[PDB]
Enquirer: 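For reference, the structure I am asking about is given below.
In this chain, residues are counted from 1 in sequence order.
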Amino acid sequence: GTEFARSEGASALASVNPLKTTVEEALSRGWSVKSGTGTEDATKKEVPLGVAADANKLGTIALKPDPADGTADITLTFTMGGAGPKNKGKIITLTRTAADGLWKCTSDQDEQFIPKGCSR
């Protein structure tokens, strides 16, 4: 009853939303994106997302496929394994469809805690 359920959802989305830019900039160069931290790899032409999987203690960030080259749908997920009771186990998913390059946000949280712009 005292859990910060609405702020948890906003913090989670704020950890993955900025990565859309990172992904688009890499694909515009014809480079692939790979998860984790590190330096660009000029041999394989892969750019890391630049954020650790556990950057936000509310949960974990994941990329699929990994690496991703733009020719298949890409998903960025924030799994709230560190959240309070109402949001623990819930997942915010950002999907970039390869056929049109568009992004969508879906969440399996209770409707009242889904961040603005995301749907069930």
Side-chain angles (χ1 to χ4, degrees), residues 1-5 7-43 45-63 65-85 87-103 105-110 112-120:
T2 55
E3 181 187 345
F4 301 132
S7 312
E8 284 176 330
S11 176
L13 182 58
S15 283
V16 286
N17 203 60
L19 300 172
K20 292 183 301 186
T21 298
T22 305
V23 168
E24 291 300 342
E25 290 287 283
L27 300 184
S28 289
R29 293 160 62 187
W31 284 46
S32 292
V33 55
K34 64 179 175 174
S35 69
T37 64
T39 54
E40 294 189 358
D41 180 349
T43 296
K45 296 197 173 47
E46 298 177 352
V47 178
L49 287 177
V51 62
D54 67 333
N56 185 328
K57 299 308 183 185
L58 285 171
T60 167
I61 295 164
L63 168 73
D66 184 10
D69 64 12
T71 69
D73 295 344
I74 290 170
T75 172
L76 284 168
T77 54
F78 192 96
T79 299
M80 300 178 85
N87 281 316
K88 183 161 171 195
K90 304 301 193 172
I91 301 172
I92 290 176
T93 297
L94 304 194
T95 301
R96 180 192 192 271
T97 30
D100 53 24
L102 293 187
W103 288 86
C105 176
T106 57
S107 172
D108 60 10
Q109 290 167 279
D110 274 317
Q112 73 188 272
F113 305 122
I114 292 177
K116 177 190 173 177
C118 303
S119 70
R120 202 164 163 67

Enquirer: Using every non-hydrogen atom in the two residues, find where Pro48 and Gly36 come nearest and quote the distance to one decimal.
Expert: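 For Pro48 versus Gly36, the nearest heavy atoms are CB-O, 3.5 Å.
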Enquirer: Whether the side chain of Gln109 engages the backbone of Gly9 through a donor-acceptor N/O pair (distance < 3.5 Å, no angle test) should be reported.
Expert: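 No, the answer is negative, given that no donor and acceptor are paired below the 3.5 Å cut-off.
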Enquirer: Holding to side-chain hydrogen bond (donor to acceptor under 3.5 Å, both in side chains), I want the full list of residues that pass it with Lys57, two or more places apart in sequence or in another chain.
Expert: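 So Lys57 forms a side-chain hydrogen bond (donor to acceptor under 3.5 Å, both in side chains) with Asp54.
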Enquirer: Check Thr43 against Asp41 and note the closest heavy-atom contact, atom names and distance.
Expert: N-OD1, 2.9 Å
Enquirer: Output yes when a side-chain donor or acceptor of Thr37 lies under 3.5 Å from a complementary backbone atom of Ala52, and no otherwise.
Expert: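 Judged by distance alone, no pair lies under 3.5 Å.
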Enquirer: Which atoms form the tightest heavy-atom contact between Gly81 and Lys88, and what is the distance?
Expert: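 Where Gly81 meets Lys88 most closely, the heavy atoms are O-CE, 3.7 Å.
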Enquirer: Measure the OG1-CD distance between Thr39 and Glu46 for me, rounded to the nearest 0.5 Å.
Expert: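 It comes to 11.0 Å.
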Enquirer: Applying the side chain to side chain contact (heavy atoms under 4.5 Å, CB included) test to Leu76, which of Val33, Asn17, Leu49, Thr95 qualifies?
Expert: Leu49
Enquirer: I'd like to know if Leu19 and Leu27 are part of one continuous hydrophobic network [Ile/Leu/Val/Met/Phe/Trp/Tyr, side-chain heavy atoms within less than 4.5 Å].
Expert: yes
Enquirer: Using the test side-chain contact (heavy atoms from CB on, under 4.5 Å), find all partners of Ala12 that sit at least two apart in sequence or belong to another chain.
Expert: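 So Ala12 forms a side-chain contact (heavy atoms from CB on, under 4.5 Å) with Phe78, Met80, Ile92.
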Enquirer: Among all residues two or more places apart in sequence or in another chain, which pass the side-chain contact (heavy atoms from CB on, under 4.5 Å) test with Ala55?
Expert: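 Testing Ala55 for side-chain contact (heavy atoms from CB on, under 4.5 Å), a comparison that skips the adjacent residues, returns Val51.
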Enquirer: Keeping the roles fixed (side chain from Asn87, backbone from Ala5), state whether a donor-acceptor pair exists under 3.5 Å.
Expert: yes
Enquirer: To the closest 0.5 Å, what do you measure between CD1 (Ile114) and CG (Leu13)?
Expert: 11.5 Å
Enquirer: To the nearest 0.5 Å, tell me how far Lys34 NZ sits from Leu63 CG.
Expert: 12.0 Å
Enquirer: Quick one: NZ on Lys45 to CZ on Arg29, what's the gap to the nearest 0.5 Å?
Expert: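 The NZ atom of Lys45 sits 10.0 Å away from the CZ atom of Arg29.
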Enquirer: State, to 0.1 Å, how close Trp31 and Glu40 come at their nearest heavy-atom pair, and which atoms those are.
Expert: CZ3-OE1, 3.6 Å
Enquirer: Taking only residues two or more places apart in sequence or in another chain, which ones pass side-chain hydrogen bond (donor to acceptor under 3.5 Å, both in side chains) with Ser28?
Expert: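 Testing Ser28 for side-chain hydrogen bond (donor to acceptor under 3.5 Å, both in side chains), a comparison that skips the adjacent residues, returns none.
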Enquirer: To the closest 0.5 Å, what do you measure between OG1 (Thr106) and CZ (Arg120)?
Expert: 10.0 Å
Enquirer: Under 3.5 Å, is there a donor-acceptor pair between the side chain of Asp73 and the main chain of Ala98?
Expert: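 It does hold such a pair.
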Enquirer: List the residues meeting side-chain hydrogen bond (donor to acceptor under 3.5 Å, both in side chains) with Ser15, not counting sequence neighbours, and say none if there are none.
Expert: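 Residues passing side-chain hydrogen bond (donor to acceptor under 3.5 Å, both in side chains) with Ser15: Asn56.
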Enquirer: Applying side-chain contact (heavy atoms from CB on, under 4.5 Å), can you list everything that pairs with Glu24, at least two apart in sequence or on another chain?
Expert: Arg96, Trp103
